[PDB]
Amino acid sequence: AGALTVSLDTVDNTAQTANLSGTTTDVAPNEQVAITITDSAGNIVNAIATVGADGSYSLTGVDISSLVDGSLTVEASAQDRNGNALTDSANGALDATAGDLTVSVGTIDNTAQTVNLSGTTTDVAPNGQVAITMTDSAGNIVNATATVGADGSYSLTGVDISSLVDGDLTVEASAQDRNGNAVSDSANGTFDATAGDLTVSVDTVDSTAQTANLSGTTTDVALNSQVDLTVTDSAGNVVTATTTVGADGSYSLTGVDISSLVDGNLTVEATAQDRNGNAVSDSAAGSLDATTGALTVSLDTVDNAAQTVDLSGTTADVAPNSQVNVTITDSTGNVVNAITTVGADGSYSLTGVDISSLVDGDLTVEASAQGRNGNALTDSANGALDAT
């Protein structure tokens, strides 16, 4: 019975050659064995060997540089002496080329929110797929796919990354080489499609509780980012507050303690950091009136012999070292004007004020000072001059 065997004895990955041998039964010496070596892409090497006196055959250094990596199938064929078709096959693996992949960002288009990518491969089959991942600073992901060309290159144009947020973008690309090995590369770049912004507003100043409610909005500020706030009063005193941004970019803080601040204008400033590392800020005006302005005046003494008066008074919500303006008007409209200073405790006095220019009869004392909320705070007192 006619028989043929073939074996693939060696594949030399460096020389890109193979050594084959086989045996025959009932094949005439000097007949030929036809050989094909087929690769993973269907490329064929054709070879021929002669059957020896002992029925054996071999080929050494067969050129397989035309073949691609992956499985090799060897097919041998011959005819026995009576013409019967004989066949056998053998198998091996070729790994003459190291698998590799590169990926590179051509552009991140901040205006269109798109990315152009390109890359190269080695030992990845044309029409192979490259799995592409783009990951943002928040862990959002865009998936994409590209087809490997004849030269092993791949590219994508205008991939939509409008679903990603600003900051570092990581691009990962992966494929499989013809020996079944994962090949991968990554690249990185900056995404800055959204202008960072922050607003702040004074919702309420509760002058009874001496608290403030503050809120605002942000653009391009990451979830849980810290907002630092300052509240500044009319004397330069500062209260600090802090809160965090929500998913919609809003922030709120209720019951901020401003008992340490004095009455008058407030300035609130808020600052956060956007996704591209910029400080974004806003300021807003408020008003504090925890203490009702007041002024009293008293005519303490009229010295009719020296023609003088002693005056005193009290204030509430008048900054110490403010001026108090005092007028003393007599019964015919003559006026004495004086000025003194509000003390640490809000009190003021004038002693030995000369009223020798006034005439006998009624005296009216008027005192005025500016409170911290900008009011003219006044009081009067009445007495008499009897110098003649």
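Numbering starts at 1 and runs along the sequence shown.
Chemist: Have a look at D274, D282, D228, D248 and flag the one whose Cα has the highest B-factor in the entry.
Modeler: Across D274, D282, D228, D248, the entry lists the biggest C-alpha B-factor for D248.
Chemist: C-alpha B factor of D80, ranked within the chain: lowest, middle or highest third?
Modeler: Bottom third by C-alpha B-factor.
Chemist: According to the PDB entry, is the CA B factor of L350 in the bottom, middle or top third of its chain, that is, lowest, middle or highest?
Modeler: Middle third, going by the recorded CA B-factors of the chain.
Chemist: In terms of the chain's CA B-factor thirds, is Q113 lowest, middle or highest?
Modeler: As the PDB entry reports it, the C-alpha B-factor of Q113 lands in the middle third of its chain.
Chemist: Divide the modelled residues of the chain into thirds by Cα B-factor and specify which third, lowest, middle or highest, holds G167.
Modeler: Answer is lowest: the recorded C-alpha B-factor places it there.
Chemist: Lowest, middle or highest third of the chain for the C-alpha temperature factor of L358?
Modeler: For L358, whose C-alpha B-factor we compare with every modelled residue in the chain, the answer is the middle third.
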